[PDB]
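Here you get one chain, nothing else, as structure tokens; it is the form deposited in one PDB entry.
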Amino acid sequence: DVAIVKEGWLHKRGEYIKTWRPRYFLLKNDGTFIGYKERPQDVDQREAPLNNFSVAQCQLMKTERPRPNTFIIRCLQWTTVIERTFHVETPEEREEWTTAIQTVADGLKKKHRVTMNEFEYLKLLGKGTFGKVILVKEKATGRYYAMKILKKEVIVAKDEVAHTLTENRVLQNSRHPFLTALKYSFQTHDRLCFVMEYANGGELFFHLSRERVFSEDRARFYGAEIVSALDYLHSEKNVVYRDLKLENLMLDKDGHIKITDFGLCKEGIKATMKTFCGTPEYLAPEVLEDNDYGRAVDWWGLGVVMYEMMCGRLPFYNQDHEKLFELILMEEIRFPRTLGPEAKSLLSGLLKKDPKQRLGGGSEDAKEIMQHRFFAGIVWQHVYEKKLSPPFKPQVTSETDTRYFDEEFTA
């Protein structure tokens, strides 16, 4: 009984390129709030809804800055606070939208304690608008963790709900072998803390830079583990990762891939007066253009990662952001003659500009990629169960080994 409760034209600010764009948005009773460049011909697609666009448990804010008649939808998704800001031309339209959005969200409602004293601060990993991420070490075990310290006012209003939030999120199917697990969750008076396992086998950009290129065998191994992880998020969790890049890949002590969740939403840097947020080299085209996106965005990100592992170079690159966008949006990917046809077939399939034509963009999602001839001979149950031996063993003997945190990291 999924139906549209409200629809119309809005002005949405770009998530990575901060400019306003007219978008036709659909609000549905299941919580999805998705916008399109133009009105779609199909009202509801058969595939399962994605939480990235859901309105459940949102906070509605009406602001007059930076632009009057702005309203902001703010949600905690897993451990990251994401914001979507919109603008309508009249205050009367904003109330109609915010009321409809609120009614959909309300209709969807339906030691012994861990403290900050148990951890030793080591290093700041990142600062964001709604908190920061720090590298810590638990004093009792010596194991290293990334702690997301988020402002509590932004997320939940009541201390009783935040206690259930810390209590639930630890157990809510955190575990897939190649996703960084969320281990502890606690709160202070004004902060919400998420403690995640930190892999000590070295960042993947570190390993790729010193060995310059991975062979097709070694890239097939990491690529198979990433496929397995992304299949879990899409089918089991109905979430698109969207931030798949080399900087978010690490190895554990054994050499298996860990996809990290250490990010936080920031306000970008100011193209003299244009505010860009982060680097665009890994963004799917449909993400750059603020068009509707789905599970195909991760397969583009897989393509970028696979391309850099096997070619030793980012697929598209230019110092000017204006020229870069055209490279990502228009220029076709080119391959060195060293790549075999199976590597080229997979990479060109993953980097198709049109998401509906992209490898893995159909209704079968990850199975199109698992059956691709590049992954021939890969037993996918053995990938999940870590029965494949890693082709590279990081130079650590324990998980408290700090070698990839020492100043040998400079080499």
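Don't overthink the numbering: it's just position in the shown sequence, from 1. For clarity, a rigid core is taken as the largest C-alpha set superposing within 1.5 Å between two forms.
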Subject >> Other PDB entries, at least a third, lacking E167 >> reply: yes
Original post:
Any chance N52 is unbuilt in a third or more of the other entries we compared?
Top reply: no
Original post:
Would you class the number of unmodelled deposited residues between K270 and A271 as none, 1 to 3, 4 to 9, or 10 or more?
Top reply: 1 to 3
**OP:** Mind giving me a quick count class for deposited residues absent from the model between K110 and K111? Options are none, 1 to 3, 4 to 9, 10 or more.
**Re:** 10 or more
**OP:** Tell me which of 339 to 347 and 34 to 42 has the higher mean C-alpha B-factor in the deposited entry.
**Re:** 34 to 42
Original post:
Per the entry, where is the mean C-alpha temperature factor higher: 401 to 409 or 4 to 12?
Top reply: 401 to 409
Original post:
From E308, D231, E197, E326, can you pick the one with the highest C-alpha B factor in the entry?
Top reply: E326
Subject >> Residue of maximum C-alpha B factor among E83, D252, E216, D320, per deposited coordinates >> reply: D320
Original post:
What third of its chain's C-alpha B-factors does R67 belong to: lowest, middle or highest?
Top reply: highest
Original post:
C-alpha B factor of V104, ranked within the chain: lowest, middle or highest third?
Top reply: middle
**OP:** Taking the chain's C-alpha temperature factors as the reference, tell me which third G312 falls into: lowest, middle or highest.
**Re:** middle
**OP:** Consider only the C-alpha atoms of the modelled residues in this chain, order them by B-factor as the entry records it, and name the third containing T166: lowest, middle or highest.
**Re:** highest
Original post:
If you rank the chain by CA B-factor, which third does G201 end up in: lowest, middle or highest?
Top reply: lowest
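If you look for the form deposited in another entry, you will not find it shown, but the lines that follow are about it.
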**OP:** Please find the residue from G255, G128, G312, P177 showing a Cα shift of 2 angstroms or more between this form and the one not shown, rigid core superposed.
**Re:** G128
Subject >> Residue shift check between this form and the one not shown, rigid core fit, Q395 Cα at least 2 Å >> reply: no
Original post:
Is it true that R218 shifts between this form and the one not shown by 2 Å or more at the Cα, once the core is aligned?
Top reply: no
Original post:
With the core lined up, does the C-alpha of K151 move 2 Å or more between this form and the one not shown?
Top reply: yes
